[PDB]
Each structure stands twice: as C-alpha cells, then as structure tokens.
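To be precise, the following lines are input29.txt, and they hold compact mmCIF, C-alpha atoms and all ligand atoms.
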```txt
# COMPACT_ATOMS: atom_id res chain seq x y z
CA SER U 1 32.64 46.45 7.87
CA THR U 2 35.79 48.34 6.99
CA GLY U 3 39.55 47.99 7.41
CA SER U 4 42.41 50.47 7.37
CA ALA U 5 46.13 49.63 7.46
CA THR U 6 49.29 51.66 7.05
CA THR U 7 51.59 50.76 4.18
CA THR U 8 55.31 51.56 4.43
CA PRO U 9 58.08 51.71 1.81
CA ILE U 10 60.58 48.89 2.23
CA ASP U 11 63.61 51.12 1.54
CA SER U 12 64.68 54.69 0.78
CA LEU U 13 63.76 54.37 -2.91
CA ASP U 14 60.13 53.17 -2.41
CA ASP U 15 61.05 49.95 -4.22
CA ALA U 16 57.91 48.34 -2.78
CA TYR U 17 55.48 48.77 0.09
CA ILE U 18 54.64 46.44 2.98
CA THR U 19 51.44 46.26 5.02
CA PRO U 20 51.00 44.23 8.21
CA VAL U 21 48.53 41.34 7.98
CA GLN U 22 47.32 39.09 10.81
CA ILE U 23 47.08 35.40 9.90
CA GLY U 24 45.81 32.58 12.11
CA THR U 25 44.83 32.07 15.73
CA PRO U 26 46.60 33.34 17.74
CA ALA U 27 47.54 35.98 15.16
CA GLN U 28 50.84 35.72 13.31
CA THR U 29 51.64 39.14 11.83
CA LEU U 30 53.47 39.13 8.48
CA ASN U 31 54.36 42.15 6.35
CA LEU U 32 52.93 41.59 2.89
CA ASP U 33 53.25 43.33 -0.46
CA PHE U 34 49.72 44.30 -1.47
CA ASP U 35 49.66 43.71 -5.21
CA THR U 36 46.84 44.88 -7.48
CA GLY U 37 48.64 43.13 -10.33
CA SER U 38 48.30 39.55 -9.03
CA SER U 39 45.73 37.41 -7.24
CA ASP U 40 47.56 35.04 -4.85
CA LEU U 41 47.99 35.59 -1.10
CA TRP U 42 51.21 33.67 -0.43
CA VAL U 43 53.59 33.69 2.52
CA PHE U 44 56.97 32.54 3.64
CA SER U 45 56.26 29.66 5.97
CA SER U 46 57.58 26.84 8.14
CA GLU U 47 57.41 24.80 4.91
CA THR U 48 59.72 27.06 2.90
CA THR U 49 63.07 25.43 1.98
CA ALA U 50 65.32 26.58 4.80
CA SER U 51 68.11 27.85 2.55
CA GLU U 52 65.58 30.10 0.77
CA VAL U 53 64.60 31.94 3.97
CA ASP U 54 66.88 34.83 5.03
CA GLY U 55 65.31 37.10 7.65
CA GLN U 56 61.64 36.93 6.62
CA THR U 57 58.92 36.32 9.18
CA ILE U 58 57.24 32.97 8.54
CA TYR U 59 53.72 31.65 8.92
CA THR U 60 53.61 28.38 10.85
CA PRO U 61 50.23 26.76 10.18
CA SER U 62 50.70 24.07 12.83
CA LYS U 63 50.59 26.82 15.48
CA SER U 64 47.26 28.21 14.20
CA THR U 65 44.17 26.56 15.64
CA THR U 66 42.09 27.85 12.72
CA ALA U 67 44.39 26.63 9.92
CA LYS U 68 43.17 23.80 7.73
CA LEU U 69 45.13 22.17 4.92
CA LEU U 70 43.26 22.56 1.63
CA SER U 71 43.50 18.97 0.47
CA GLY U 72 45.32 18.44 -2.78
CA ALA U 73 45.73 22.14 -3.57
CA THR U 74 48.97 23.55 -4.92
CA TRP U 75 50.01 26.87 -6.38
CA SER U 76 52.83 28.19 -8.55
CA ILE U 77 53.32 31.74 -9.78
CA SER U 78 55.84 33.82 -11.69
CA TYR U 79 56.03 37.58 -11.94
CA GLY U 80 57.14 40.26 -14.37
CA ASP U 81 60.68 40.41 -12.96
CA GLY U 82 61.18 36.68 -13.51
CA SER U 83 60.75 35.81 -9.85
CA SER U 84 58.58 32.91 -8.74
CA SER U 85 57.25 30.92 -5.80
CA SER U 86 55.15 27.79 -5.24
CA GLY U 87 53.74 25.53 -2.54
CA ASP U 88 50.61 24.17 -0.87
CA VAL U 89 47.52 25.84 0.56
CA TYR U 90 45.80 26.34 3.91
CA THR U 91 42.62 28.15 4.75
CA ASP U 92 42.85 30.40 7.79
CA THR U 93 41.59 33.63 9.33
CA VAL U 94 43.18 36.73 7.80
CA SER U 95 42.77 40.28 9.11
CA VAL U 96 43.92 43.58 7.57
CA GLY U 97 43.54 46.74 9.53
CA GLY U 98 40.66 45.39 11.58
CA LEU U 99 38.81 43.71 8.69
CA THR U 100 38.59 39.93 9.10
CA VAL U 101 38.01 37.17 6.53
CA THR U 102 37.54 33.61 7.71
CA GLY U 103 38.44 30.74 5.40
CA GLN U 104 40.90 32.78 3.31
CA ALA U 105 43.25 30.73 1.12
CA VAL U 106 46.76 31.28 2.50
CA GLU U 107 49.28 29.90 0.03
CA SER U 108 52.27 28.53 1.92
CA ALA U 109 55.56 28.69 0.03
CA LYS U 110 57.65 25.54 -0.27
CA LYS U 111 59.98 27.24 -2.76
CA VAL U 112 60.79 30.90 -3.54
CA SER U 113 63.20 32.33 -6.10
CA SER U 114 66.34 34.24 -5.23
CA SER U 115 64.86 37.75 -5.44
CA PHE U 116 62.36 36.86 -2.70
CA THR U 117 65.00 35.26 -0.49
CA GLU U 118 67.24 38.29 -0.92
CA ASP U 119 64.55 40.73 0.26
CA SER U 120 64.19 40.21 3.98
CA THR U 121 61.51 42.91 4.28
CA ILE U 122 58.74 41.16 2.31
CA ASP U 123 57.11 38.16 3.98
CA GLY U 124 54.81 37.41 1.03
CA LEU U 125 52.24 38.93 -1.28
CA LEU U 126 48.54 39.76 -0.93
CA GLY U 127 46.98 39.80 -4.38
CA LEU U 128 44.26 42.33 -5.20
CA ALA U 129 43.75 41.76 -8.94
CA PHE U 130 40.76 39.69 -10.09
CA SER U 131 40.39 36.17 -8.79
CA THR U 132 40.44 34.73 -12.34
CA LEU U 133 44.26 35.09 -12.11
CA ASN U 134 44.62 33.03 -8.92
CA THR U 135 47.00 30.12 -9.50
CA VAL U 136 45.64 27.56 -7.01
CA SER U 137 44.98 24.18 -8.61
CA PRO U 138 42.79 22.23 -9.04
CA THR U 139 40.29 24.62 -7.42
CA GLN U 140 41.01 28.31 -7.98
CA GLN U 141 40.74 30.47 -4.84
CA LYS U 142 39.42 33.97 -4.16
CA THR U 143 41.40 37.05 -3.19
CA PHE U 144 41.07 38.67 0.20
CA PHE U 145 39.07 41.50 -1.34
CA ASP U 146 36.67 39.20 -3.13
CA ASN U 147 36.08 37.25 0.08
CA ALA U 148 35.55 40.47 2.06
CA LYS U 149 33.51 42.35 -0.51
CA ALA U 150 29.98 41.38 0.52
CA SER U 151 30.66 42.34 4.15
CA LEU U 152 32.18 45.72 3.33
CA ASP U 153 30.19 48.93 3.74
CA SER U 154 30.98 49.66 0.08
CA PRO U 155 32.63 47.19 -2.36
CA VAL U 156 35.88 49.13 -2.75
CA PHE U 157 39.42 49.44 -1.59
CA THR U 158 41.75 52.41 -1.87
CA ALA U 159 45.50 52.79 -2.33
CA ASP U 160 47.18 55.90 -0.93
CA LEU U 161 50.90 55.19 -1.33
CA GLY U 162 53.38 57.67 0.09
CA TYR U 163 56.48 59.17 -1.50
CA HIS U 164 59.27 58.37 0.90
CA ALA U 165 56.63 58.17 3.62
CA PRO U 166 53.89 55.87 4.97
CA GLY U 167 50.50 55.68 3.32
CA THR U 168 47.27 53.72 3.67
CA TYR U 169 45.19 50.90 2.24
CA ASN U 170 41.51 51.22 3.17
CA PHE U 171 38.83 48.58 2.61
CA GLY U 172 35.12 49.34 2.40
CA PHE U 173 35.12 53.15 2.48
CA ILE U 174 36.51 56.25 0.78
CA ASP U 175 38.29 58.66 3.14
CA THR U 176 37.17 62.01 1.77
CA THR U 177 39.91 63.75 3.79
CA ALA U 178 42.69 61.87 1.97
CA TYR U 179 42.56 63.64 -1.39
CA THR U 180 41.99 67.05 -2.96
CA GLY U 181 39.41 67.96 -5.55
CA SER U 182 37.19 65.20 -6.93
CA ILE U 183 37.74 61.56 -7.82
CA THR U 184 37.53 60.92 -11.58
CA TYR U 185 36.29 57.43 -12.39
CA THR U 186 37.26 55.58 -15.56
CA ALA U 187 36.24 52.30 -17.15
CA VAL U 188 37.98 48.99 -16.40
CA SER U 189 38.38 45.87 -18.53
CA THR U 190 38.71 42.68 -16.50
CA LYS U 191 39.41 40.52 -19.57
CA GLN U 192 43.08 40.00 -18.65
CA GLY U 193 42.37 39.73 -14.90
CA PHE U 194 43.88 43.18 -14.20
CA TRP U 195 42.62 46.62 -13.20
CA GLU U 196 43.07 47.63 -16.85
CA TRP U 197 42.05 51.11 -17.98
CA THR U 198 42.83 53.71 -20.69
CA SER U 199 44.66 56.92 -19.89
CA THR U 200 43.68 59.88 -22.06
CA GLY U 201 47.22 61.19 -22.59
CA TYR U 202 50.27 62.78 -21.07
CA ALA U 203 52.46 65.84 -20.68
CA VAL U 204 56.16 66.25 -19.88
CA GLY U 205 56.99 69.00 -17.39
CA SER U 206 55.26 72.24 -18.37
CA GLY U 207 54.72 71.03 -21.93
CA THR U 208 51.43 70.78 -23.74
CA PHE U 209 49.20 67.80 -23.07
CA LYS U 210 49.15 65.16 -25.81
CA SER U 211 45.74 63.52 -26.16
CA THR U 212 46.31 59.83 -26.89
CA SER U 213 44.84 56.62 -25.51
CA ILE U 214 47.21 54.57 -23.39
CA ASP U 215 45.81 51.22 -22.25
CA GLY U 216 47.51 49.90 -19.13
CA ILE U 217 47.11 48.37 -15.69
CA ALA U 218 47.01 49.88 -12.19
CA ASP U 219 49.63 47.68 -10.49
CA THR U 220 50.74 48.44 -6.93
CA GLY U 221 53.18 45.54 -7.12
CA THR U 222 55.22 47.03 -9.98
CA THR U 223 57.63 49.73 -8.80
CA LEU U 224 58.01 51.85 -11.93
CA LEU U 225 55.90 53.43 -14.68
CA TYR U 226 56.10 51.48 -17.95
CA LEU U 227 54.76 53.30 -21.02
CA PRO U 228 55.10 53.13 -24.82
CA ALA U 229 58.54 53.84 -26.22
CA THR U 230 57.38 57.02 -27.96
CA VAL U 231 56.12 58.51 -24.67
CA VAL U 232 59.21 57.46 -22.72
CA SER U 233 61.54 58.91 -25.37
CA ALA U 234 59.66 62.21 -25.21
CA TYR U 235 60.09 62.31 -21.45
CA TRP U 236 63.81 61.50 -21.30
CA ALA U 237 64.58 63.87 -24.19
CA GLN U 238 63.90 66.67 -21.67
CA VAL U 239 66.69 65.48 -19.36
CA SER U 240 70.22 66.51 -20.36
CA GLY U 241 72.46 63.48 -20.61
CA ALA U 242 69.71 60.86 -20.25
CA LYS U 243 70.06 57.76 -22.43
CA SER U 244 68.71 54.26 -22.82
CA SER U 245 71.38 51.83 -21.66
CA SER U 246 71.21 48.26 -22.93
CA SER U 247 73.76 47.19 -20.34
CA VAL U 248 71.78 48.62 -17.43
CA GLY U 249 68.38 47.67 -18.83
CA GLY U 250 66.64 51.00 -19.36
CA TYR U 251 66.92 54.74 -19.27
CA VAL U 252 69.53 56.25 -16.98
CA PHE U 253 70.30 59.89 -16.31
CA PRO U 254 72.92 61.99 -14.50
CA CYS U 255 72.29 61.93 -10.77
CA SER U 256 72.95 65.70 -10.80
CA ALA U 257 69.86 66.36 -12.91
CA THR U 258 66.59 67.84 -11.69
CA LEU U 259 63.86 65.81 -13.39
CA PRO U 260 60.70 67.25 -14.99
CA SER U 261 57.29 66.17 -13.82
CA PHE U 262 55.13 63.77 -15.82
CA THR U 263 51.37 64.22 -16.14
CA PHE U 264 48.92 61.46 -17.10
CA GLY U 265 45.26 61.88 -18.02
CA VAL U 266 42.29 60.24 -16.35
CA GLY U 267 39.32 61.34 -18.43
CA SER U 268 39.49 65.14 -18.44
CA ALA U 269 41.44 65.12 -15.15
CA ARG U 270 45.19 65.21 -14.75
CA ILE U 271 47.53 63.49 -12.27
CA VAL U 272 50.96 65.11 -11.91
CA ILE U 273 53.95 62.94 -10.92
CA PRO U 274 56.63 65.27 -9.52
CA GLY U 275 60.06 64.87 -11.05
CA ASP U 276 61.63 63.64 -7.81
CA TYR U 277 59.29 60.61 -7.89
CA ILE U 278 61.07 59.50 -11.08
CA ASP U 279 64.56 59.29 -9.51
CA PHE U 280 65.53 55.73 -8.49
CA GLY U 281 69.07 56.59 -7.48
CA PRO U 282 72.48 55.31 -8.47
CA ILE U 283 72.55 52.28 -10.73
CA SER U 284 75.23 50.80 -8.44
CA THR U 285 76.53 52.06 -5.14
CA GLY U 286 78.55 55.23 -5.63
CA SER U 287 77.71 55.72 -9.30
CA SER U 288 76.70 59.12 -10.65
CA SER U 289 74.39 57.46 -13.19
CA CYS U 290 70.85 57.16 -11.82
CA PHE U 291 68.05 54.81 -12.83
CA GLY U 292 64.91 56.34 -14.29
CA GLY U 293 61.43 55.69 -12.92
CA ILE U 294 59.72 55.89 -16.32
CA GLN U 295 60.70 53.02 -18.62
CA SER U 296 59.58 51.54 -21.91
CA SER U 297 56.87 48.86 -21.87
CA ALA U 298 58.13 47.40 -25.15
CA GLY U 299 59.77 44.40 -23.37
CA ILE U 300 57.04 43.54 -20.84
CA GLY U 301 54.19 43.71 -23.40
CA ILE U 302 51.65 45.79 -21.44
CA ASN U 303 51.70 49.36 -20.11
CA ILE U 304 51.95 49.46 -16.32
CA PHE U 305 50.91 52.30 -14.01
CA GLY U 306 53.09 51.11 -11.15
CA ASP U 307 53.95 52.75 -7.86
CA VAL U 308 55.67 55.77 -9.48
CA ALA U 309 52.32 56.78 -10.98
CA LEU U 310 49.95 55.47 -8.31
CA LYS U 311 51.72 57.19 -5.42
CA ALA U 312 50.96 60.58 -7.00
CA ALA U 313 47.24 59.85 -6.59
CA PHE U 314 44.53 58.62 -4.28
CA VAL U 315 43.33 55.53 -6.16
CA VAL U 316 39.94 53.82 -5.81
CA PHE U 317 39.61 50.17 -6.86
CA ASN U 318 35.84 49.96 -7.22
CA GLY U 319 34.67 46.34 -7.08
CA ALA U 320 31.04 47.03 -7.91
CA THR U 321 29.25 44.68 -10.30
CA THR U 322 30.90 46.61 -13.13
CA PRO U 323 34.36 47.49 -11.74
CA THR U 324 35.84 50.93 -12.27
CA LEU U 325 38.95 52.84 -11.18
CA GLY U 326 39.00 56.29 -9.59
CA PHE U 327 41.90 58.75 -9.37
CA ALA U 328 42.20 61.95 -7.35
CA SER U 329 45.08 64.31 -6.70
CA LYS U 330 46.26 64.55 -3.09
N1 LIG H 401 52.81 42.91 -9.59
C1 LIG H 401 54.09 42.71 -9.82
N2 LIG H 401 54.76 43.28 -10.83
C2 LIG H 401 56.11 42.86 -10.81
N3 LIG H 401 57.03 43.15 -11.63
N4 LIG H 401 56.69 43.97 -12.63
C3 LIG H 401 57.64 44.32 -13.61
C4 LIG H 401 57.25 45.12 -14.68
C5 LIG H 401 58.17 45.45 -15.67
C6 LIG H 401 59.47 45.02 -15.58
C7 LIG H 401 59.88 44.28 -14.49
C8 LIG H 401 58.96 43.91 -13.52
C9 LIG H 401 56.25 41.98 -9.64
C10 LIG H 401 57.35 41.34 -9.09
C11 LIG H 401 57.17 40.58 -7.93
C12 LIG H 401 55.91 40.46 -7.35
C13 LIG H 401 54.82 41.10 -7.90
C14 LIG H 401 55.00 41.88 -9.05
```

I'd like the structure from this file rewritten - as structure tokens, please.
Amino acid sequence: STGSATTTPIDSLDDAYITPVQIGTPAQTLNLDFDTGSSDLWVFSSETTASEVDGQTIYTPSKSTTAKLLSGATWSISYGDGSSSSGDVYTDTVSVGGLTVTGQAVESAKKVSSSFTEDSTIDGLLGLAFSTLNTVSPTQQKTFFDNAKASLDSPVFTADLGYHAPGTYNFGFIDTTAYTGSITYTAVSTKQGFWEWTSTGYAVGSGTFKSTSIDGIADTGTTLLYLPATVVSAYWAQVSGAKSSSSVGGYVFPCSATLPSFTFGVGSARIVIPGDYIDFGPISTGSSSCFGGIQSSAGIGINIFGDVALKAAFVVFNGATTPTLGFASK
C-alpha cells in the first residue's frame, strides 16, 4: 500500500504545517502537525478541558464505532518550546492520504498548554520519530508509520514541505518526479529516538564550503534551523545590522535586508536554503526588526534541521531494518 497527503503551512510565515488525517468510523477529519521529532499521535478531543479549546476541530471517540478505550493507558508529553499536553488513549482506525492503519493509538488530550490552545489551526500532532519515544504508559504505543510499515510497498515516508506553498507527505513510495538530481543517503543513529544524522558542513551565501561534522536531527515539527553558535555567528555576520538579542531570544536583522543563502552538506551533496527562507518577519506587528530563521542550538542542547532546512529538500525517511535519511534538491 501507499498514501499521499498534501501538507499546508498554517500561516504566511510557514510556522508549521498541517496535514488532514481521518480518524474513526465514520471518519472525523482533523488537521495534524506531522512531527518527525516526536512519537505521539495526540488530538484535541471531546475530553479536552473546555477552556483549553479555542477553534480546533475535536475528535469525539463516542461517535466512532471503531474506537476502543485502551484500558489504564495515559500519556503526557512536553516539547522543545515548553508546551505540553496529556490525556488518555483510544485505539481507532486512522487514514492518511488513502493509507489506513487499524488499531492505531489515538491519544486524546484532557489537558493542553496555552500555546496549543492559542493555535486554532493545529488539531493535534502525528509523531513520526521512533516509537521508543512514545509517552504512553504503562504500555508504550507505536507510531502510525511503524504500524503501517509492513503493509507499505517500501518501508519509507517522504517529506516535501513547501515554501509559502503546499507540499506533500508520501508513505510507501518515492515520487521520482518530485526532486531534481539524485537522492543522497546518509547514516542515522536511533539512539536518542530521533532521525539523527551528521551533516558534512556548510557555506554562507557564495562563500567557500567549510567541511565540519554537524550532528543533528531532521525534525519537521521544529520551525527553524538550530546550529552551533560558531556557524550561526558566521551566517549572521554577513547580514548588515544583524545581532543576537537577549530580549527577543535570538538573532534579529533589519527587515530591509536581503538575506544570503545557507548551504548544508549531505555527504558530498549540497542543499541550498535560499535567503528568503530564513526571514521570519517582524518580531512584533509593525516592527522593522525581523526574526532570523537560523538560530543557535546552544540553549536547546541538540542541533535541529527544522522546517527552514527541510523545506529546501525532498527528504526520505527510510525505515528499513537499518534506518537512513535521504536528501535531494528540488
Ligand atoms: N518537534 C517539535 N519541536 C518543537 N519545538 N522545537 C524547538 C526547538 C528549539 C527551540 C524552540 C522549540 C515542537 C513544539 C511543539 C510540538 C512539536 C515540536
């Protein structure tokens, strides 16, 4: 089998992407944030504290004839931005883009933190990291991809995120029309539960490529590109007036600037992030100071190839017995 679904930016800055997912019988369609940096499929629901729901579409398990409460199971997660959510668990039928999994753990939120409530466009998360990170207790549950994998034509999924435009998540096949050149594959470590790999270096604009190993994670659920302070300083030094602002929480730059591109290495291959991808707009409405899309990883503790980087590529998440990651230009 295969599946194919369109993924859409939630706003004009590509702060995150949502993909429609069918849950239950009859189907209840919720727009989920597909997240290769976590491993829980959780949803706003009829169980979510009413004051914590503000415009999201909810899953109502009592209206699904295929829903079953997973007895005794609870979940609780927190994310890199300090947000969190928790609740109980059902199993139900879940379909993405025509690919169906029966008996998928659907984690129903009883509580969500303010950042989730405040974002009416995201109805929950669909985790696509390794199932060793799943938070369900006392019996850890499998991701949608792990449950689907054996049925798929090939044990892979691909992320093709758009810049200010729709894109695609495919399951079970590689669309050879969706990228240019070849796909370069690189090794993955699953020891931290992430799609963790080592970039071979970087360049800033038309500058020379610096060969240096950068270990980090391919995380579709992180918006920005988080890299070592040395690399980030070298990038922003090429932007007149850019500075690291402790009050704002990172590098900012004049909104009037034209940003240089940023290149990262995948083996001997190179992925070029155009400068415009690195502009996250005014820090506050009407300001002429703009937030940068490349930020230091010193605070978060891991380098993160988030959407800023991934949307410049066609990315293969290869779930073969030994997982690997593939990157192509597009
Ligand atoms: N996969 C995720 N990464 C998130 N934040 N990452 C981050 C990195 C550095 C600084 C701040 C946040 C996040 C937030 C909500 C749901 C999923 C995720």

Next on the checklist: As a quick test: using all atoms listed in the file, which residues lie no more than 10 Å away from ligand LIG 401 (chain H)? Give them as a VMD selection string.
Outcome noted: chain U and resid 16 33 to 40 77 to 85 115 to 116 124 to 129 217 to 226 249 295 to 307

Can you spit out the residues from that selection as a PDB file, in the frame of the given file, using C-alpha atoms?
```pdb
ATOM      1  CA  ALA U  16      57.910  48.340  -2.780  1.00  0.00           C
ATOM      2  CA  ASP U  33      53.250  43.330  -0.460  1.00  0.00           C
ATOM      3  CA  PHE U  34      49.720  44.300  -1.470  1.00  0.00           C
ATOM      4  CA  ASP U  35      49.660  43.710  -5.210  1.00  0.00           C
ATOM      5  CA  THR U  36      46.840  44.880  -7.480  1.00  0.00           C
ATOM      6  CA  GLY U  37      48.640  43.130 -10.330  1.00  0.00           C
ATOM      7  CA  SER U  38      48.300  39.550  -9.030  1.00  0.00           C
ATOM      8  CA  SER U  39      45.730  37.410  -7.240  1.00  0.00           C
ATOM      9  CA  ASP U  40      47.560  35.040  -4.850  1.00  0.00           C
ATOM     10  CA  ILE U  77      53.320  31.740  -9.780  1.00  0.00           C
ATOM     11  CA  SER U  78      55.840  33.820 -11.690  1.00  0.00           C
ATOM     12  CA  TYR U  79      56.030  37.580 -11.940  1.00  0.00           C
ATOM     13  CA  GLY U  80      57.140  40.260 -14.370  1.00  0.00           C
ATOM     14  CA  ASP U  81      60.680  40.410 -12.960  1.00  0.00           C
ATOM     15  CA  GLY U  82      61.180  36.680 -13.510  1.00  0.00           C
ATOM     16  CA  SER U  83      60.750  35.810  -9.850  1.00  0.00           C
ATOM     17  CA  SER U  84      58.580  32.910  -8.740  1.00  0.00           C
ATOM     18  CA  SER U  85      57.250  30.920  -5.800  1.00  0.00           C
ATOM     19  CA  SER U 115      64.860  37.750  -5.440  1.00  0.00           C
ATOM     20  CA  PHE U 116      62.360  36.860  -2.700  1.00  0.00           C
ATOM     21  CA  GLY U 124      54.810  37.410   1.030  1.00  0.00           C
ATOM     22  CA  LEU U 125      52.240  38.930  -1.280  1.00  0.00           C
ATOM     23  CA  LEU U 126      48.540  39.760  -0.930  1.00  0.00           C
ATOM     24  CA  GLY U 127      46.980  39.800  -4.380  1.00  0.00           C
ATOM     25  CA  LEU U 128      44.260  42.330  -5.200  1.00  0.00           C
ATOM     26  CA  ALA U 129      43.750  41.760  -8.940  1.00  0.00           C
ATOM     27  CA  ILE U 217      47.110  48.370 -15.690  1.00  0.00           C
ATOM     28  CA  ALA U 218      47.010  49.880 -12.190  1.00  0.00           C
ATOM     29  CA  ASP U 219      49.630  47.680 -10.490  1.00  0.00           C
ATOM     30  CA  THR U 220      50.740  48.440  -6.930  1.00  0.00           C
ATOM     31  CA  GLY U 221      53.180  45.540  -7.120  1.00  0.00           C
ATOM     32  CA  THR U 222      55.220  47.030  -9.980  1.00  0.00           C
ATOM     33  CA  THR U 223      57.630  49.730  -8.800  1.00  0.00           C
ATOM     34  CA  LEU U 224      58.010  51.850 -11.930  1.00  0.00           C
ATOM     35  CA  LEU U 225      55.900  53.430 -14.680  1.00  0.00           C
ATOM     36  CA  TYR U 226      56.100  51.480 -17.950  1.00  0.00           C
ATOM     37  CA  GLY U 249      68.380  47.670 -18.830  1.00  0.00           C
ATOM     38  CA  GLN U 295      60.700  53.020 -18.620  1.00  0.00           C
ATOM     39  CA  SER U 296      59.580  51.540 -21.910  1.00  0.00           C
ATOM     40  CA  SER U 297      56.870  48.860 -21.870  1.00  0.00           C
ATOM     41  CA  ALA U 298      58.130  47.400 -25.150  1.00  0.00           C
ATOM     42  CA  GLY U 299      59.770  44.400 -23.370  1.00  0.00           C
ATOM     43  CA  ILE U 300      57.040  43.540 -20.840  1.00  0.00           C
ATOM     44  CA  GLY U 301      54.190  43.710 -23.400  1.00  0.00           C
ATOM     45  CA  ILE U 302      51.650  45.790 -21.440  1.00  0.00           C
ATOM     46  CA  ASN U 303      51.700  49.360 -20.110  1.00  0.00           C
ATOM     47  CA  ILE U 304      51.950  49.460 -16.320  1.00  0.00           C
ATOM     48  CA  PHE U 305      50.910  52.300 -14.010  1.00  0.00           C
ATOM     49  CA  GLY U 306      53.090  51.110 -11.150  1.00  0.00           C
ATOM     50  CA  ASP U 307      53.950  52.750  -7.860  1.00  0.00           C
TER      51      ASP U 307
END
```

Checklist entry - Could you tell me, as a ChimeraX atom specification, which residues have any atom at most 9 Å from (46.1, 34.3, 10.8), counting all atoms listed in the file? => result /U:21-29,59,61,64,66-67,92-95,106

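In this model, the gap between atom CA of residue 264 of chain U and atom CA of residue 191 of chain U comes to 23.1 Å.
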
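Distances from U:180, U:86, U:114, U:212 to residue 51 of chain U were compared using only C-alpha atoms, and the smallest one belongs to U:114.
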
Checklist outcome for this item: Counting all atoms listed in the file, the residue among U:76, U:101, U:130, U:110 that lies closest to residue 58 of chain U is U:110

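From atom CA of residue 209 of chain U back to atom CA of residue 312 of chain U, the distance works out to 17.7 Å.
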
Checklist outcome for this item: Taken to one decimal, the atom CA of residue 187 of chain U-atom CA of residue 270 of chain U distance is 15.9 Å

Next on the checklist: Counting only C-alpha atoms, find residues at most 6 Å from (51.0, 30.1, -3.5) (file frame) and give them as a ChimeraX atom specification.
Outcome noted: /U:42,75-76,86-87,107-109

Give the centre and edge lengths of an axis-aligned box, in Å to one decimal, that holds all listed atoms of segment 6-24 of chain U with 3 Å on each side, as lines of an AutoDock Vina configuration file.
```
center_x = 55.2
center_y = 43.6
center_z = 3.9
size_x = 24.9
size_y = 28.1
size_z = 22.3
```

Checklist entry - Pick the closest to residue 157 of chain U from U:177, U:287, U:134, U:99: which is it, counting all atoms listed in the file? => result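 Among U:177, U:287, U:134, U:99, it is U:99 that comes nearest to residue 157 of chain U.
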
Checklist entry - What's the 12 Å shell around residue 241 of chain U, counting all atoms listed in the file, without same-chain residues fewer than 4 positions away, as number ranges by chain? => result U: 236-237, 245, 251-259, 288-290

Serialized selection, C-alpha atoms, as a compact mmCIF listing (two decimals), keeping the file's coordinate frame:
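What ended up in out.txt:
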```
# COMPACT_ATOMS: atom_id res chain seq x y z
CA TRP U 236 63.81 61.50 -21.30
CA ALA U 237 64.58 63.87 -24.19
CA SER U 245 71.38 51.83 -21.66
CA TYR U 251 66.92 54.74 -19.27
CA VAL U 252 69.53 56.25 -16.98
CA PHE U 253 70.30 59.89 -16.31
CA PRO U 254 72.92 61.99 -14.50
CA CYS U 255 72.29 61.93 -10.77
CA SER U 256 72.95 65.70 -10.80
CA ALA U 257 69.86 66.36 -12.91
CA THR U 258 66.59 67.84 -11.69
CA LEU U 259 63.86 65.81 -13.39
CA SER U 288 76.70 59.12 -10.65
CA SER U 289 74.39 57.46 -13.19
CA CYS U 290 70.85 57.16 -11.82
```

Checklist entry - Closest to residue 74 of chain U among U:234, U:53, U:239, U:105, using all atoms listed in the file? => result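 Using all atoms listed in the file, the shortest distance to residue 74 of chain U belongs to U:105.
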
Item to check | Nearest residue to residue 159 of chain U from the set U:8, U:143, U:65, U:46 (distances using all atoms listed in the file) | outcome: U:8

Checklist entry - For residue 73 of chain U, which residue among U:263, U:91, U:158, U:147 is the nearest when counting all atoms listed in the file? => result U:91
